[PDB]
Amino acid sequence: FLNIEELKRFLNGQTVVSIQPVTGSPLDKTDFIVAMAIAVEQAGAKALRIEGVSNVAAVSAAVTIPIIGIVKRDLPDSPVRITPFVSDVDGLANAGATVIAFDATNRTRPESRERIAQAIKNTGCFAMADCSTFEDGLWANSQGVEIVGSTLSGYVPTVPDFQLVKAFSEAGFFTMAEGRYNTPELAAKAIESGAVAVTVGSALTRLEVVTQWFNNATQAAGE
């Protein structure tokens, strides 16, 4: 609960489990999402990233650790996907999210990014900016956004984007490392780069993706 720098002692050095199964998968169901949320809490995870108004609602009634809410939408006239409408923001607040993350890139979008960021702050929830570049974070800071993340770097590669984490951290930002941290050792280099916490999704909660990671290596060797 309550102020941002209390959230920053709670999240220091933590791994944040982004529970977003593959779309269309047999695993892409609210029950299995809640089950994973209950499970990672028992294993010591202190925070989650959950996608979908009704997934946030289901998970928030079953766990106690903070939830970073998002909604993903494939728009027909824009590349922005992560929470592009204030009406999504309002649902995420109602659903029980502690932080609401949004795409903070300077691209074509149905509603200005200043209004999304300011609509989150209105909720009472913390705001986290999903950034693609260092200057996305400069914009986010000027708008009163509590959290900046490297979520969108490279999605506008294969290794994480560590220098963005270094720049955000030595800018004084409350920095969330997110994107391609696929082993515990890459997530440790994130914290040492100055990130307060690190978000990990595919390596933890996308079984199809990780399965293909192994078969790719074992089949390639099988000559």
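One-based numbering along the sequence shown.
- Gap check for residue 156 to residue 157: 4 to 9 deposited residues are absent from the model.
- Here 73-81 and 119-127 are compared by their mean Cα B-factor, and 73-81 comes out higher.
- Higher mean CA temperature factor, per the PDB entry, when comparing 90-98 with 107-115: 107-115.
- When all modelled residues of the chain are sorted by CA temperature factor, residue 44 is found within the lowest third.
- Per the deposited record, the Cα B-factor of residue 161 falls in the highest third when ranked against the other modelled residues of its chain.
- Annotation for residue 13: C-alpha temperature factor in the highest third relative to the rest of the modelled chain, per the entry.
- Ranked within its chain, residue 171 lands in the highest third, by CA B factor from the PDB record.
- Ranked against the other modelled residues of its chain, the C-alpha B-factor of residue 194 as given in the entry falls in the highest third.
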